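The chain below stands alone and is given in structure tokens; this is the form deposited in one PDB entry.
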């Protein structure tokens, strides 16, 4: 019978350890590494016991519960992690819910800092196993929903970079570009998974199902509806699980799904060839991001099945999900150029037209132009991508982030500074990722990445709500979030923040920051300016940041750093007020 044995045997020891360290780092984000390693040994030992006897030890119990019992075993928790000991005194299947609800999307943690190359390679040389325990633990605690088996994949890429670079001439010059690139992939991965989890948990299984139906219909245009559907069903269970902290099950299930798709690759995509050769993680990663197969030629016009067919209303009425799944499949596989959110928006339009029209005396006369009515929904996002790409190319990264920071702060000034600056910085990454593709490739690139970034604002804001406008964009339809945020003008009801000296007065710590961190400091300041003076002009703002820049250059090459900051700090505070009013 025993679950931990089945799972142990299934994913094998190596992945088993990692998934259990991930599980523990996800539930208990503030515990020291050394504490988590012990919980993992104690759990590994148990599975190698349930390897012997199916009835030998606690092997009868659900995984939810083996994790349950291990946390509360050390009451050391009640103190630094005594908020969720409220959960330890409760029971299943109600307890494990308490645990999951306290996952902190923004734990109070210093940044994961990366050591000098010499030092990082030394740590990896001395103890490799400890090294990647540390890594899984530092990423998973900071991103409590990261897609667990993709995390394993990234650990493995990370080790391949240290192997290549640690013996090198200049270790730094070899590591830095490669780590920085790996880090960016992992952030995007974390943001995509957080979106799946939020769709599932906040808007229901169906909302991710539809999303995954569209995306897989674009990716695998030749595969038939019943196959896509089967893939959509299994991938739903996969992410429902991972999103719920059932990582052993998720990893195992995701493996069967990779296997099933390779074993049936003939009738899915020719591009599956690239993936099916590969060892497990590499294979499932490859699948998970495969570029779109080409559209089969000779498909009938979509109007035949969805406008002229005499059973349109009977289909919609008698089997709604089946019929509208088909609409999504058919429409999406033929539109790799559209974003997922757009396609879902067309689904919603089509459905609302049917609902309304099929309840009239003459449904056909009412819905005949439904596909033609998609045009203005297609044009809004295409226009926006184009205007914003020209702005990106015109201003460059930093000034584009600046313009979005100003626009967003005026939009939702109640939002906290670190969130506004994070969210603006992500918005400017989209310019860089996407505006170099030709016109046709741009929309799915931009709009799908916007989803991920808006979701990130929505999860942060859910924790501590402060803006009615965010809450509204974030909780109405998932698929309208981008248009919803787009349509917000400046919030003219916000009462400007008091002028606040220490949010504007600077100290010598700051001189140690690399230029990239100084940018964030300039950008944090700009946000506080816009909060203080929401009608400030772009020239006003450029002049205050300009002064900030001069203060920094000046006091950062002083021998007496604290005392130049004292002479100049308050002289900035005084020139800011003057420029601003």
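Residue numbers count along the first chain shown, from 1. In this text, rigid core is short for the largest set of C-alphas that superpose within 1.5 Å between two forms.
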- Query: Mean C-alpha B-factor higher for 290 to 298, or for 337 to 345?
  - Reply: 290 to 298
- Which of 380 to 388 and 71 to 79 has higher mean CA B factor, as the PDB entry lists it: 71 to 79
- Task: Identify, among 394, 267, 156, 401, the residue whose C-alpha carries the highest B-factor in the deposited PDB entry.
- Result: 267
- Check the PDB entry and point out which of 61, 532, 542, 518 has the largest C-alpha temperature factor. 61
- Looking at the entry's B-factor column for C-alpha atoms only, identify whether residue 92 ranks in the lowest, middle or highest third of its chain. highest
- Item | Ranked against its chain, the third holding the CA B-factor of residue 22 | lowest
- Message: How does the C-alpha B factor of residue 550 compare with the rest of the chain: lowest, middle or highest third?
- Response: middle
- Entry-reported Cα temperature factor of residue 363, expressed as the chain third it lands in: middle
- Query: Split the chain's modelled residues into thirds by Cα B-factor; is residue 500 in the lowest, middle or highest one?
  - Reply: highest
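Absent from the display: the form deposited in another entry. The rest refers to it.
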- Superposing on the core, which single option in 471, 486, 505, 156 has a CA shift of 2 Å or more between this form and the one not shown? 505
- Query: Comparing between this form and the one not shown on the rigid core, is the C-alpha shift at residue 16 2 Å or larger?
  - Reply: no
- Message: Once you overlay the rigid core, does the Cα of residue 552 travel 2 Å or further between this form and the one not shown?
- Response: yes
